[PDB]
Amino acid sequence: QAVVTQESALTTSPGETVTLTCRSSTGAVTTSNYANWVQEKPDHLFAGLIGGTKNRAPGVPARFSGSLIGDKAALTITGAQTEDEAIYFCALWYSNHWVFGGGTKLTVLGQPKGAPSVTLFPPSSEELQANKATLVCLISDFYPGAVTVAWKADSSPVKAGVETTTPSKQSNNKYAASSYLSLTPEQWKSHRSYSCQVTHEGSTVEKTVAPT
Amino acid sequence: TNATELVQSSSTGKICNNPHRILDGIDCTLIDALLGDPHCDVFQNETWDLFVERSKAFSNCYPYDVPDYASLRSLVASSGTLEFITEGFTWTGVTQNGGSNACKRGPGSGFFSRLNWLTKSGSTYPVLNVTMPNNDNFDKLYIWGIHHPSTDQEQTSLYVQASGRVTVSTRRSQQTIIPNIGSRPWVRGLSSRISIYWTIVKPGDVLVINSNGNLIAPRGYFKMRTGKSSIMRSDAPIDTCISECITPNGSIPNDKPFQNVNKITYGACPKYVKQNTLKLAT
Amino acid sequence: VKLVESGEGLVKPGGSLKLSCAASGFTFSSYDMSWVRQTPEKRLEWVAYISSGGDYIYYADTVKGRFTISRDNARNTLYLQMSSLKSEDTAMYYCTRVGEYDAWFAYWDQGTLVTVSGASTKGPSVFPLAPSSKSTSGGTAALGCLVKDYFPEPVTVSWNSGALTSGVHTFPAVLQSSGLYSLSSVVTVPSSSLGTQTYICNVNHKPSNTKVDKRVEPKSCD
């Protein structure tokens, strides 16, 4: 069996007490299961925090207390902070295997300013000669990572040839995203200008480039 | 005029090897050397005035658990010696001198040098009733343990009986432990652990050991002493110097009345404070 | 400590591939070692384990008899022979310097990505991204590089072979409707040294070794 289940997403505020669970399918999480707690930071920094269901690493503060609540495990964070916002995994020991949970995405309220700066690039002369056109709209240094992308060509809505990625955390714990507009070299030179519209929590940022 | 200083804020970064005797645990701790870890064979029957445990130490043998680890690491440190006397207990029908390939003392199997693994002798495991008196005029230190298998099938495979027990009593003390079997996570590849215990024997006292399974036997005792010795956790090197005061951040002089490097000291070290400079006029 | 992993490439089901993590920073041969993976679904999975070089090696029931873990106590490198590969073996594999005597899953890495698809490994199409000319902010500038139509991930982009480490952001790739990716990196450079410095786009695709340098110049064109 060996199915580990836990929460998928939680949220808290600095100063509050959090508690993450780790449920087992084959029965109760016993002390013989040696519950583990990892911390997924940006750039894939999976730092191990607690082992043996209570034993804590030497560089982890005392706010992380490992326990066994009810029929499962527990990760109590008494005095949550802004530096505790990450994905936390659980690992239960079964006599032969090492299985993992899905991960509990912990959200923390902080990071005062997340206003995005937008950069737009027209296609390259080498790309236009290669019978291709691709404009790049780069959104970076914003928080939270929930934005809506809109492209405009000559005051008309554009929704064709647009693929855009979900924002991911940067090295500075801010989010970044990229939007690309694939076209043909004829459509690029037939319009007056192209605009990429980015809106994030009321403020709207749109930049315009022209073929001159 | 001027103002003389009364606080030692600076350190050497290295430990001065005089005038005390320093013993370096380069790849070994004090418990690794106390048990006789095959990679700790340098410290057998050695002496010291201050032990140094490094962050680069490791254990290449059976994963061991020491209840009262800090209470054992401190009483042996002030002894200042691993003075081990082989005794020769009566292990009749014991199939002694056992080991595993994880505690590798050479090519094949191996075990710790100061303790002995007692398996079964065919298909029989008798009950243990052995005694070893302390007729000398000094305290004895006996180190023993108990085996925690991975499953009941290897508990019955190593020892005839499904459940063990080890009772080590004296004229004033008694210790009875029941093993807890379980497939623990693989540390150095083994799903099994061992808990380490000890018993101190005084002059006029006699040691008694009783067991019906899962016993790790000693090969003797340790001669305890009352010395000015201690143990320090440092990664500072050893230099060919002479300094009375020792600090985990490096030895410091004793000319000033106070220090500011570390509260953990050894020797004729000054008092501890947190102020940086303290100047008096002269 | 520091452990870097290599072995990025594309394999087809039933194929083979070897991964290696060169462990540096602290003492090797003393700690246990393991391999862990993270699927594109962001699901953690335990793979293999070795005990200081070991008589004891154990793998997961998914990867028993298909993988083999090895250790080199001389080169301070841990290897992982992936063989008889399947589509489900697609993940970013991590090499862990962990010791179960005190910690369970303490050290992890930046990862190495191996994909088992059976599709054709294609080569990127690099195009220069021209800097901004007018309507400045009194600020620096923005020039970059476009790595278009490559598969599979990842590609690593440096600037001036490690001489331009300040003010560069490499953005994640998009899974376009072709089975290919598209990446973009842009640096922030003052316009004062914009006609005096040569800025080079160094893209190195490890799966299919496409080590291309691309120069981005003002072309005296519109």
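Numbers in chain B track Swiss-Prot; the residues on display, in order, are 53-334.
This entry, so its header tells us, was determined using X-ray crystallography, 3.0 Å.
Positions of Cβ are set from backbone N, Cα and C atoms, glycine also.
As recorded in Swiss-Prot, the features of this protein are as follows:
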CARBOHYD  B:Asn54  N-linked glycosylation site
DISULFID  B:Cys68-B:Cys293  disulfide bond
DISULFID  B:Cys80-B:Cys92  disulfide bond
CARBOHYD  B:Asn97  N-linked glycosylation site
DISULFID  B:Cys113-B:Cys155  disulfide bond
CARBOHYD  B:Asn181  N-linked glycosylation site
DISULFID  B:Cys297-B:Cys321  disulfide bond
CARBOHYD  B:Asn301  N-linked glycosylation site
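When the Cα atoms are compared, B:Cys155 (disulfide bond) and B:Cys80 (disulfide bond) turn out to be 14 Å apart. Around the Cβ of B:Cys92 (disulfide bond), 26 further Cβ atoms fall within 10 Å across all displayed protein chains. In this structure, the glycosylation sites B:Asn54, B:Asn97, B:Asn181, B:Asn301 were compared by how many other Cβ atoms lie within 10 Å of their Cβ, and the smallest count belongs to B:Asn54. The most densely surrounded of the disulfide-bonded residues B:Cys293, B:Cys321, judged by C-beta neighbours within 10 angstroms, is B:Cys321. Between the CA atoms of B:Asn181 (N-linked glycosylation site) and B:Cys68 (disulfide bond) there is a gap of 50 Å. Between the C-alpha atoms of B:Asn97 (N-linked glycosylation site) and B:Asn301 (N-linked glycosylation site), the distance comes to 29 Å. Looking at B:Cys80, B:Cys155, the disulfide-bonded residues in this record, the fewest other C-beta atoms within 10 angstroms of the C-beta turn up around B:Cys80. Rounded to the nearest whole angstrom, the C-alpha distance between B:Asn54 (N-linked glycosylation site) and B:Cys92 (disulfide bond) is 53. A gap of 14 Å separates the Cα atoms of B:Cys321 (disulfide bond) and B:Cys68 (disulfide bond).
Its own atom aside, the Cβ of B:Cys68 (disulfide bond) has 21 Cβ atoms within 10 angstroms in the protein chains shown. Taking only the Cα positions, the spacing between B:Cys293 (disulfide bond) and B:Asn301 (N-linked glycosylation site) is 15 angstrom. The distance from the Cα of B:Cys80 (disulfide bond) to the Cα of B:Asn301 (N-linked glycosylation site) comes to 20 Å. B:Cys113 (disulfide bond) sits 11 Å from B:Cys92 (disulfide bond), taking the CA atoms of both as reference points. Most other Cβ atoms within 10 A: among the disulfide-bonded residues B:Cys113, B:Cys297, that distinction falls to B:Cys113. Note: the CA-CA distance between B:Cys68 (disulfide bond) and B:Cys297 (disulfide bond) rounds to 9 Å. Under DSSP, B:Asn54 (N-linked glycosylation site) is assigned to coil, being neither helix nor strand in the three-state scheme. Geometry remark: B:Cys297 (disulfide bond) versus B:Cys92 (disulfide bond), CA distance 28 Å.
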